[PDB]
Structures are given as C-alpha cells and as structure tokens.
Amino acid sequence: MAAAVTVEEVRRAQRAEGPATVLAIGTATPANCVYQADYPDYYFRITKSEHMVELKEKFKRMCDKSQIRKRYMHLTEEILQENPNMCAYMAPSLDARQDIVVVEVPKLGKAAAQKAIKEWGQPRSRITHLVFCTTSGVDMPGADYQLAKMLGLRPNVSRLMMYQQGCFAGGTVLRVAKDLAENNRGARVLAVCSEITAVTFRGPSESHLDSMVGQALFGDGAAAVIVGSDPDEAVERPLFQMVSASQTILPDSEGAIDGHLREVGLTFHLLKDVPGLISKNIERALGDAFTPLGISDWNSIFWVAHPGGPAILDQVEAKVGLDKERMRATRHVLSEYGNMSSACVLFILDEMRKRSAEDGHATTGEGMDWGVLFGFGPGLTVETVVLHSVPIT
C-alpha cells in the first residue's frame, strides 16, 4: 500500500518531458515610421541643432553606414514638442519619459502578444507563465502585471518581470522560458520583449559621439512567443526547439557597453571595440555550444544574431567565414526595423520561419537542422541559444 504523497512523486508528476518548443511568434511596432535617409535632417531639426553643421555631417555618415532603411518610433514630432527637455542632450526628463513608456511598453507588448496568441489558437486561460522583458522604463507593479491584466490572463499566471536588461535579453527571455516550459508539465509560456526608445532619445552633443550612435541605430518594437514542451500536434504547430542556452561575459570587455538610468533618462556609453570583442570570442562560444553536439561547421547551421550594429555582423561573418546567406534574416530585420534591443532576435526568428515557409525550404531554419541564436549586450554579455528547426510540409 502507498504512503502519503511524497516530494519525489510530486516532482515526477510535475515535470514536462520534451524540449521547450516555440509554438507561435507575433510582432508589433508603433505606427509612426521614419526613413533612415530622412533621419539626419529630421533629428537635427526637431532638436534645434542645425547650426551644429560638422556634427550633423558625422551623423549623416552614421546613418548612411547603419545599413538601416527605416525605424518605427512611438515618439513623434508632436510628442517631442510637448517635451522640450527630451530634445536636449542631458536635461531632467526621466518623469516625462517614464510617463510615456510605463504605458506604451505594455501596450505595444499587448499588440505583439495578441498576434502570437491568435496564431497559437489556444484559449488565453491555457497560458501558465508570462515572462516580460524591457529596457524601457520601470514601474511597480511592472509591465508584466499590466500586460496580464490587458490580456485577461488567469490571476495565477506565473509572472517574471525582466527590467533594465539591455540588448542581450532576447536571448535571456528564451533561456528563462526554456526552463519554465521544460520543468513544468502543461506549462505554456508567453514571453514578450517590448522596447520603446523614448527613454533613450536625446539631442546631439559634440563630446559624446557614442550617444549619437544610439540615435542612429535604436528603434521601437515588441515581439511575443509562445513556448511549451510536449506540443499537442493535433492543435499546436512547432516552429523551433530549444536545445541549450548559455550566457557568458567576454574577456577584456569591462565597460564596453554601459547604460545608466538617470534623471535625464537612460544614457548609453561605449568604451571598447564591441564588434572586435564579439568577433574575437564568437568562435569559442560556438565551440562551447556545438562541440558537445558533434557540430563544427558554422556554415551548416542557421543563424539568428542580435544586430547591435552592422559592424558586429560584418566582423562576425568575416571572422567565422559565413556564406552571405547566413546573415540574411538578421540583416533584413536590421534594415526594416533597426536595432530594437531585446526584441530583435525574436523578430529575426519570425523572419527566419516566415521566409523558410515562403521560399519552400525543407525546415523552419532555411533547410538546416541546427541553428544558433546570439544576444549581445552590456557585460559584455553573450547569450547563446542552440536551436533545432522543424520540418515544413
């Protein structure tokens, strides 16, 4: 005869069996859109810096070299006219910025989440976990609470709020979702990244070109994924499996990317050769992830890389010796959306599956079986997620 319920019995019945699987991806952007070709004129106009001719020249080259075609931005000329301190380089403006992003970040998240949930096709009540990630603003209760309420999720959905994370955190949310889905039978994780540049937007200064780099690259967007183990093939449609997820700090990278939340909003600093650091270390990250899987040809896997800037992509591609095709999905998202911080790699994942289907590839990973997703950010931190594709009909 059995004894009372034991912790061992609970654990056995509680855990899921298979790998965490991406079951849906939805994305959303602000409606307002600005062509990169027009951005130097627009930016220097609305920040009233047109007299800074040599600086505008520098900014022109930064935009021209960004390999970005357009970005979406919640911030409009009208909003900026109501917030003149945001147009200065460093004027007190955190409250004004918070007032915007504490509302707009979960609102944009809702739009991406609704699309993911519609694709998924299951009731909202079946969502067991919500992971929300942003680098734009902070509040209590957080954007996770706001989104859960907006979506009408169950009150006992398990939430994790990831604040002030930075550009590597698309990798981080997948790494978190992986453990949540795999360790909990029936778990269906809604994971959302939502980024709004109103917290970082600021005017130009001659003494801080690295800050102007941010003004050339950063754009707005949100992406949502549904992640679960043990998909029900009768009603769910797997897109990618997660296999492993790791995070590391690169040697000799202290202070390479710093960000501080101050009374003037979120400031961005660059101190080292970020593309050089990443490309110098990327092969060891690849080996660490793939040697245990018996994989060594980096041209034989599909690629999702955080497009921090075009230089990162160029130098990784050259260092590793990737065929030009490998970075196409990544570069597409950089071109059409710019650098949306944590949400980028999720947009690229979406692009990857969609083009794979449209182009009649054999798998959701451009015909390949294994793939890698990289997040890059403050640390210098590298998130590495090994993916496996799924066959397409």
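The numbering used is simple: start at 1 and walk along the sequence shown.
Higher mean Cα B-factor in the deposited model: 88-96 or 159-167? Looking at the record's C-alpha B-factors, the answer is 88-96.
Regarding 35-43 and 339-347, which shows the higher C-alpha temperature factor on average in the entry? Higher mean C-alpha B-factor: 35-43.
Out of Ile79, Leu239, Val189, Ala289, whose C-alpha atom has the biggest B factor in the entry? Result of the comparison over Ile79, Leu239, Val189, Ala289: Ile79.
Just the C-alpha B-factor column, please: which of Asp220, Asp179, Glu317, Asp230 has the biggest number? The C-alpha B-factor peaks, among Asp220, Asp179, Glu317, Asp230, at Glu317.
Quick check on the deposited entry: does the C-alpha B-factor of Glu104 sit in the lowest, middle or highest third of its chain? For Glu104, whose C-alpha B-factor we compare with every modelled residue in the chain, the answer is the middle third.
Taking only the Cα B-factors deposited for this chain, tell me whether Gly321 sits in the lowest, middle or highest third. According to the entry, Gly321 has a C-alpha B-factor in the chain's highest third.
Looking at the temperature factor on the CA atom of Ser205, which third of the chain's modelled residues does it land in? It falls in the top third of the chain.
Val243 - which third its CA temperature factor falls in, relative to the rest of the chain: CA B-factor rank for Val243: lowest third.
Split the chain's modelled residues into thirds by Cα B-factor; is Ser211 in the lowest, middle or highest one? It falls in the top third of the chain.
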